């Protein structure tokens, strides 16, 4: 009722994720991560990947309830290390240059019961064990895409105003379809148009080559240095095999990496965050000489400290992204409690790893060369949102000139 032609649009969505998000090509292997709740979408995705000439789809099924039981009941020794067979599966994917399509529909509070130390122990061990995959994906060795599906518990959280559980799921699918341009008579041209607009903006910032950025808002006075030869990117990426792909669907951001050594001041989150299956609220981060010197949260304080202080590289930033407050997802007024969606409603910063393509020729650099160039090396990448209808940002030029970039949450001069 609130959603037109669900089955047809679900198929159209699945084909878009495969053809334009991951861009499957004859001979590819595709790894799909998707919740068991979303078997209907998984079937559609798998069929199209094979129709586009994939040699193999490997589905990594995920399930919130079973994962919570494990975190609630398994002893630490089953939680604080990653079994070799999981690493072996990882290596099979990498040896086959598998594209990674991650469809997220998870409950934002999936792990609300769980002891903080177990959450921390499991995230650190995963960050360590999965490093080769993170490195490959972050330097675009293979295609990869993060997209969403309308999970029940998630939809319930997003739409308290819904008349039923079924209706809440439908409004969530309507957002996912709307923002991924599924309703457009030609979604592919619609994405081309969207990529082209965002690319105009990124190209302009790339001409500027600011020295640093200065963000001001009620929770926030933060200055970030920008690496020499940095690259602002947006909607499309290109993999090491020359193929175009979309890392995030939906997406509304242009972003680059700050120099992980230059950050000073303080910043306040402006959206709740789902991290380690807990909802984190009111994050305040303080930086001195590039490093987080203090992080607190009104809710989820320990979980955030554990992220920052237990994981390699997690005391510095790997991304600074700009999304105008008047853009569609933001203007919807909807809080998604979901990084993919909320990132695309608000300026965001990532704790941890820079994308290698954030510096000219980064895709070719050793890890040593990336760190030399100012791109944080880390075993995590955790975005949090700082944007609002009040935020100002200036770019600082090499002659000391402050150039307005955002005024009252929007591009301005």
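Positions refer to the first chain, counted from 1.
- Between the stretches 237-245 and 271-279, it is 237-245 that shows the larger average CA temperature factor.
- Mean C-alpha B-factor is higher over 308-316 than over the other stretch, the pair under comparison being 308-316 and 143-151.
- Note on the listed residues 85, 215, 341, 173: the highest Cα temperature factor in the record is that of 85.
- Between the residues 293, 101, 321, 226, the entry's highest C-alpha temperature factor is the one at 293.
- In this PDB entry, the Cα temperature factor of residue 253 sits in the bottom third of its chain's modelled residues, the lowest group.
- Per the PDB record, residue ranking by Cα B-factor puts residue 105 in the lowest third of the chain.
- Annotation for residue 336: C-alpha temperature factor in the lowest third relative to the rest of the modelled chain, per the entry.
- Among the modelled residues of the chain, residue 210 sits in the middle third by CA temperature factor in this PDB entry.
- For residue 362, the recorded CA temperature factor ranks within the highest third of the chain's modelled residues.
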